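What follows is one structure encoded as C-alpha cells, with my remarks underneath.
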Amino acid sequence: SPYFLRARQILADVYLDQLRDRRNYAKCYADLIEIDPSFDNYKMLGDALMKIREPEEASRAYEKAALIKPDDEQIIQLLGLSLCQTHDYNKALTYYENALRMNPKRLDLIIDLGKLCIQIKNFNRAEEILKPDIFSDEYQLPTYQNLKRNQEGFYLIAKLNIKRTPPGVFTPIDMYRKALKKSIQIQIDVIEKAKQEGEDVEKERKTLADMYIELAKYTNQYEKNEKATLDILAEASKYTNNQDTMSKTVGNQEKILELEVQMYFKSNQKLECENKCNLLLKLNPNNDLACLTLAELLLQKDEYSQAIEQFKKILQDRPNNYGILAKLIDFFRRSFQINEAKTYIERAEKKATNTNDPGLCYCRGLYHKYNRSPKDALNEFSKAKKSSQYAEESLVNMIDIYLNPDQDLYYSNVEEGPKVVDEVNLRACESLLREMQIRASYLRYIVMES
Amino acid sequence: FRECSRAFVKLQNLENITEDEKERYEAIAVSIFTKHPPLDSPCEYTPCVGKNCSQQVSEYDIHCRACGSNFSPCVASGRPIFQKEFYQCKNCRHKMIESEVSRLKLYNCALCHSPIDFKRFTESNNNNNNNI
Amino acid sequence: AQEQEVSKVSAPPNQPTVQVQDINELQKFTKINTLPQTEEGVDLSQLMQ
Ligand SMILES: [Zn+2]
Ligand SMILES: [Zn+2]
C-alpha cells in the first residue's frame with residue numbers, strides 16, 4: 001500500500017502521545033530498519049533519536065549510514081553534529097581533523113570545527129583554523145550559501161576576538177568592530193538575495209537586528225559615543241519593523257527600548273526617558289527597569305517635601321508598583337514604622353496574581369532583613385535573584401547577611417574588629433561572588449571580593 | 001558519567017529556558033566534561049531474571065532493552081527485584097526484598113506504613129507464589 | 001498520675017510537633033560533601049538549588 005508509511009507514522013504518533021512511551025517511539029523506526037536496510041533508514045532513525053535526544057545511538061546509526069553511503073556529505077555533517085552533541089569532545093575533534101585532512105573544501109566542516117574548538121576553550125587552534133579558510137573563500141561571491149558561510153565565519157571570528165578579552169580593559173577593540181561591520185554588510189547582502197529568491201527573510205532580519213543590538217551594546221560599553229549609538233539604534237528599530245514583525249516579535253523591540261531608556265537615563269533627560277518608559281508600559285506591563293526609572297525620576301522631582309504622600313497615592317492607584325513599594329519600605333525602616341509597612345505589603349500581595357514575582361519577593365526579603373530576621377530574608381532574596389534585575393542588590397544583601405548578621409560596624413576599635421564564623425559561610429560568599437562576576441557589575445564585584 | 005551526560009543533554013532544553021540559564025548549564029557541562037572525559041566505572045553485570053536471554057543487564061538499568069521486561073521497584077531502598085525474595089502487602093502491593101528489611105529493621109511498609117508483621121507477610125506471599 | 005503516664009506512653013503528635021526538627025542545613029550539609037567541588041573548578045551550586 002502506498003499509504004503504509006503514513007499509516008505507520010500515524011500509528012506511532014498515537015502510540016507516544018496517547019500511551020506516553022518513548023521506547024515504543026524508538027521501536028517504530030527500529031523495526032523499519034530491522035525489516036529491510038536501505039540508504040535512508042539509518043538517517044531517519046538518527047533523526048528520530050535526535051528528536052528524542054539520544055545522541056549515542058543516533059551517532060552509531062549515522063556511522064552505519066556512512067558505512068552504507070560512501071561520501072554523503074549530509075551524513076558527514078550529521079555525524080559531526082552528533083559527535084559534538086554527545087559531550088565527548090576528543091573523538092569529535094579527531095573526526096573533524098580527519099575529515100578536514102580528507103577534503104579541505106568543506107566550509108561547514110570548518111565552521112563546526114571552530115565552534116567545537118571554541119566550546120572546548122582552545123582559542124589558538126580555533127583561530128588558526130578559522131582565519132585561513134575564511135580569508136580564502138572569496139571566489140564564489142555570487143552564490144548565496146557561500147555568502148552565508150562567510151558571514152557565519154566572520155561572526156564567529158568576532159566572537160573569538162571578543163572572548164579573549166581579560167576583564168577590566170576599557171579600550172575599544174577595532175578589529176571586532178570591523179568584523180561586525182563586515183558581518184552586517186554581508187547579512188544585508190544575503191537578506192537582499194533571499195528577497196530576490198522569494199524565501200522567508202524575517203529570520204535573517206531579526207538575527208541582523210540582534211547583531212545590531214550587540215554592536216550597540218559593545219560600543220556603548222567602552223566609548224560614550226551617544227550620537228552614534230542613537231543613530232544605530234534608530235536604524236535597527238527601522239530595520240526590525242518590516243512585514244508582520246510588529247506583532248509577532250516583541251522581545252526585540254523590548255530590548256531596543258530598554259537600551260534607549262538606559263541611554264536617556266545616562267543623558268539625564270527626565271521627559272524623554274519618561275516618554276520611553278510610557279512606551280514600555282504600553283508594551284510590557286511587567287517591566288522592572290521602567291518602574292525603577294520612574295521611581296528614580298519621581299525621587300528627582302520630589303525627595304522630602306511631600307514625596308511620601310504622592311508615593312502612597314501611586315501605590316493606591318496601581319496594585320503592584322514594586323519600585324515605589326521598595327522605596328516606601330526603605331522610608332518606613334528609616335522612620336521606625338514597619339507595621340504599616342507590613343500592612344502595605346499584605347495589601348499589595350493580596351492582588352499580586354502570582355506570589356513569586358521577583359519584585360514582590362525582593363521587597364519581602366528586604367522587609368524581613370530590616371525586621372531583624374536573617375533566615376526568611378535570605379530565603380526570599382535567594383528566590384528573588386532569579387531575574388535580570390534586582391540580581392546585584394539581592395546578591396549584595398545576601399553577602400552582607402552572611403558576613404554581618406547583626407548589622408554593626410565592620411571593624412570595631414574597642415576589641416578585635418574582624419568577625420570570623422566557621423567555614424561554610426565563606427564558601428557560600430565565594431559562590432555568590434562567582435554569580436556576581438557574571439551577573440553583577442565589575443566594581444561592586446571587586447568591593448565584595450575585597 | 002554516562003547518566004550525567006544523558007541528564008545534561010536532557011537539561012539543555014526541556015520546553016523553554018532563558019538564554020542566560022542555558023548558557024550557564026552549557027558552561028557547567030563543558031567544564032565537567034573537559035576536566036576529564038566521561039569514564040564508565042565498572043560494576044557487576046548480574047544475570048538477567050526477567051527473561052531467558054543470556055545477555056546480562058547492568059545493575060542500575062531497569063529498562064531491559066530488547067526484551068521489554070521491566071523490573072518492579074523495591075520501596076525499601078530502590079534496588080530492582082533481582083531475586084526470588086519479593087513480597088507485598090494488601091494495601092499498596094509493592095515488591096519488597098527481605099534483605100533490605102532485615103538490614104533496615106522496618107516494622108512497617110515503606111510507602112503506605114501498613115502496620116502488619118513482615119514475617120507473616122513474607123510467609124503469605126510464599127504461600128501465594130506456591131499457589132501460582 | 002496515671003493520666004500523665006498514659007498520655008506520655010501514647011502522645012499522638014497532633015499539630016504542634018509533627019516534624020519540628022528545624023536546624024540550619026544550608027550550612028550543615030555544605031560542610032558534608034562540597035569540599036571537592038570547591039577544590040576543583042566546578043560550580044554545581046545551581047543544581048543544588
Ligand atoms: Zn533480560
Ligand atoms: Zn504497602
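Could you tell me whether chain A comes out rounded, prolate or oblate from its Cα gyration tensor? Rule is a ≥ b ≥ c as square roots of the eigenvalues, rounded for a/c under 1.5, then prolate if a/b exceeds b/c, otherwise oblate.
Numbers: a/c = 1.90, a/b = 1.71, b/c = 1.11.
It comes out prolate by the Cα gyration axes.
I need the phi-derived Karplus couplings for segment B:100-106: 6.51 cos²θ - 1.76 cosθ + 1.60, θ = phi - 60°, integer Hz, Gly and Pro marked x.
3J(HN,Hα) across segment B:100-106, in whole Hz: 5, 5, 4, 5, 8, 6, 8.
Go ahead and estimate [θ] at 222 nm for chain A from helices alone: -39,500 (n - 2.57) per DSSP H run with n ≥ 4, summed, over the residue count, rounded to 500. Before the final figure, lay out the partial values.
Numbers: 23 runs with 326 residues, N = 450.
Result for chain A: -23500 deg cm²/dmol, rounded to the nearest 500.
For segment A:152-171 and segment A:381-437, compute the distance between their C-alpha centroids and round to whole Å.
Centre-to-centre (Cα) distance: 32 Å.
Can you give me the distance in nm between label points at A:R53 and B:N127, each placed 7 Å from the Cα along the Cα-to-Cβ direction?
Modelled inter-label distance: 5.1 nm.
Only Cα pairs under 8 Å and at least 6 apart count here; give the relative contact order of chain A as a rounded whole percent.
5
Report the calculated FRET efficiency for A:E138 and A:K350 (r = Cβ-Cβ distance, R0 = 56 Å), to the nearest 0.05.
Step by step, r from the Cβ atoms, then E = 0.30.
Please list, ordered by chain and number, the residues whose modelled amide H lies under 5 Å from the amide H of B:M96; skip anything fewer than 5 residues away on the same chain.
Close amide H contacts, sequence-distant or interchain: B:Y87.
Please order A:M102, A:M398 by the number of other Cβ within 10 Å, starting at the fewest.
Details: A:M102 12, A:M398 24.
Ranked by crowding around the Cβ, least crowded first: A:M102, A:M398.
Cα centroids of segment A:309-339 and segment A:45-124: how far apart, whole angstrom?
Between the Cα centres of segment A:309-339 and segment A:45-124 lies a distance of 58 Å.
Could you size up the charge dipole of the protein assembly as shown around its Cα centre, putting +1 on the beta carbon of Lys and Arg and -1 on that of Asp and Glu, and report it in debye to the nearest 20?
On the way: 87 positive and 93 negative charges, 155 e Å.
Here the size comes out at about 740 debye.
Using the count of nearby Cβ atoms within 10 Å as a rough guide to exposure, how do B:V30, A:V190 rank from fewest to most?
B:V30, A:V190
Run the numbers on segment B:13-132 and let me know its relative contact order in percent, using alpha-carbon pairs under 8 Å that are six or more apart. Each step should come with its number before you reach the end.
Numbers: 109 pairs, mean separation 16.1, N = 120.
The normalised contact order for segment B:13-132 reaches 13 percent.
Starting from the Cα-Cα distance between A:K195 and A:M246, subtract it from 0.36 nm times their residue separation and give me the gain in nm to one decimal.
Values: separation 51, 0.36 × 51 = 18.36 nm, distance 1.90 nm.
Here the answer is 16.5 nm.
For labels at A:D406 and A:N286 in the simple 7 Å Cα→Cβ model, what's the distance in nm?
4.2
Report the calculated FRET efficiency for A:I10 and B:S69 (r = Cβ-Cβ distance, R0 = 25 Å), to the nearest 0.05. Display every interim value, and only then the final one.
Values: r = 28 Å, r/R0 = 1.12.
In this case the efficiency is close to 0.35.
For n ≥ 4 DSSP H runs only, could you compute -39500 (n - 2.57) per run for chain C, divide by its residues and tell me the 222 nm figure to the nearest 500?
Details: 3 runs with 18 residues, N = 49.
-8500 deg cm²/dmol, from helical runs alone.
Listing A:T343, A:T219 from the residue with the fewest other Cβ atoms within 10 Å to the one with the most, what is the order?
A:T343, A:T219
What's the FRET efficiency of A:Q221 with B:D117 using the Cβ-Cβ distance as r and R₀ = 56 Å, to the nearest 0.05? Intermediate values should be presented prior to the final figure.
Working: r = 72 Å, r/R0 = 1.29.
So the FRET efficiency works out to roughly 0.20.
For segment A:116-159, state which chymotrypsin sites (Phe, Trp or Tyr not before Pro) are in a DSSP loop and have at most 12 other beta carbons lying within 10 Å of their beta carbon.
Here the sparse-neighbourhood loop sites are A:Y139.
Is there a simple number for the mean count of other chain Cβ atoms within 10 Å of the Cβ of residues in C:39-47, and what is it? Present the calculation step by step, with values, prior to reporting the outcome.
Numbers: counts 0, 3, 3, 4, 10, 4, 8, 6, 4.
For this peptide, the per-residue mean of nearby foreign Cβ atoms is 5.
At 7 Å along the Cα-to-beta-carbon direction for both C:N14 and A:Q185, put a label point, then send me their distance in nm to one decimal.
8.3
Rounded if a/c is under 1.5, else prolate if a/b is larger than b/c, else oblate: which is chain B, with a ≥ b ≥ c the root eigenvalues of its Cα gyration tensor?
Prolate, because a/c is 1.5 or more and a/b exceeds b/c.
Would you mind checking the pairs A:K27/A:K64; A:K203/A:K385; A:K238/A:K266; A:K217/A:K386 and listing those with alpha carbons more than 25 angstrom apart?
On the way: A:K27/A:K64 18 Å; A:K203/A:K385 32 Å; A:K238/A:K266 23 Å; A:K217/A:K386 23 Å.
In this structure, A:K203/A:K385 exceed 25 Å between Cα atoms.
Taking 0.36 nm per residue of separation and subtracting the Cα-Cα distance, what length does fully extending A:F331 through A:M44 add?
Stretched fully, the A:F331-A:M44 segment lengthens by 96.9 nm.
Starting at the first residue of segment A:203-215, write each ³J(HN,Hα) from the Karplus equation 6.51 cos²θ - 1.76 cosθ + 1.60 with θ = phi - 60°, in whole Hz, x for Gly and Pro.
Once θ is set to phi - 60°, the couplings for segment A:203-215 become 5, 5, 4, 6, 5, 5, 5, 4, 5, 4, 4, 4, 4 Hz.
If you take each beta carbon of peptide B:4-14 and count the beta carbons of other chains within 10 angstrom, what is the mean?
Values: counts 1, 5, 5, 1, 1, 7, 2, 1, 2, 1, 0.
Counting Cβ atoms of other protein chains within 10 Å of each residue's Cβ and averaging gives 2.
Tell me the mean residue ellipticity at 222 nm calculated for chain B from its helices only (DSSP H runs of n ≥ 4, each -39500 (n - 2.57), averaged over every residue, nearest 500).
Values: 4 runs with 48 residues, N = 132.
Taking each H run of at least 4 residues, the total per residue is -11500 deg cm²/dmol.
With springs only between Cα atoms under 10 Å apart, run a GNM on chain A and tell me which of A:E56, A:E416, A:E128 wobbles the most.
A:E416
Just so you know, all these numbers are worked out from the coordinates, no wet-lab data involved. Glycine also receives a Cβ, built like all others from the backbone with ideal geometry; neighbour counts cover every protein chain displayed.
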